[PDB]
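This document opens with one chain alone, in structure tokens, the form deposited in one PDB entry.
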């Protein structure tokens, strides 16, 4: 009966994401992990890699689906017959940005709803962007991401980056 969309680029997925989806999966009937294609600010990982890292890391949660999308979030929301979008709020900048996005999307669709979760303290600092930068300098990201993501970074090293 409740269906919530958790959208993002997931480039890559992290333990922070895993925690939020886990927590969301306990309070909503269905959680859709929605991987935006990444219209510019080109992702490190391909959509397919990202979807696959998401499935590996969260496939054990039986009420979680994994889907790529390309489009406006608000149309994806309507098309999915979602009850709400869920986003994480790590810091003040996230708070301001999402506040605005929620109001804009509610203007595009009056049934739009956005609910927010606050990360658990042990994952508070984690973002895909930070993780990419640390891995790009061959820092160890083992503590912050699933095993499959560590391996995908190793592959990326043996290739260009």
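Shifts are known only where both forms have a C-alpha. Positions refer to the first chain, counted from 1. What we label the rigid core is the largest C-alpha set whose atoms superpose within 1.5 Å from one form to the other.
Between the stretches 133-141 and 17-25, it is 133-141 that shows the larger average CA temperature factor. Taking the PDB entry as given, 37-45 carries the higher mean Cα B factor of the two stretches 109-117 and 37-45. Taking the PDB entry at face value, the top CA B factor among 102, 64, 54, 92 belongs to 92. Placement of the Cα temperature factor of residue 86 within the chain: middle third of the modelled residues, per the deposited record.
Unshown form deposited in another entry; subsequent notes refer to it.
Just one of 109, 94, 65, 113 moves its Cα by 2 Å or more between this form and the one not shown on a rigid core overlay, and this residue is 94.
Compared with the form shown, the residue 92-residue 103 C-alpha separation increases in the other entry, the change being 3 Å or greater.
In this core-based overlay, residues 39-41, 90-94 form runs of three or more whose Cα positions differ by 2 Å or more between this form and the one not shown.
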